[PDB]
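Residue numbers (the authors' numbering): 22 to 142. In this text, a Cβ means the ideal position worked out from N, Cα and C, and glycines have one as well.
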């Protein structure tokens with residue numbers, strides 16, 4: 022149907038806007054702390070602690086399969102990156118501190134992304 026095509030074009034355009042958002046958020050992690058999944062070879066107990074692991078590479082895989090239907094779903098995954106780190110790592114660690122700084126800086130990007138998603142529809 023033409024309606025299905027129109028919906029697919031909206032998804033494609035959302036995916037374009039989320040790729041730009043994802044790039045901007047990942048620039049706020051210059052140490053690349055959140056770039057890849059936590060390795061279960063290197064942290065073998067991780068899944069006893071963290072039930073839903075997340076990282077920027079995993080988000081990018083979902084994104085490129087057009088797997089985020091709305092900004093809420095994308096934000097859920099971003100929040101998992103931050104929140105998982107703040108639980109696993111103590112306050113006095115470079116990891117925890119990196120997550121706080123990513124959260125704070127990312128808030129700005131996400132605030133305007135929300136306005137753009139609503140505005141363009």
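Buried or exposed: residue 142, going by 16 or more other Cβ atoms within 10 Å of its Cβ? In summary, residue 142 is exposed, with fewer than 16 beta-carbon neighbours lying within 10 Å of its beta-carbon over all protein chains present.
DSSP on residue 45, reduced to helix/strand/coil? helix
Which listed residue (109, 114 and 130) has its alpha carbon closest to that of residue 65: 109
Within the same chain, show all residues whose beta-carbon is closer than 8 Å to that of residue 31, passing over the 5 residues directly before and after it, in chain order. 142
Locate the alpha helix (DSSP H) running through residue 126, then write down its first and last residues. 115–141
Length of the line joining the Cα atoms of residue 126 and residue 46: 8 Å
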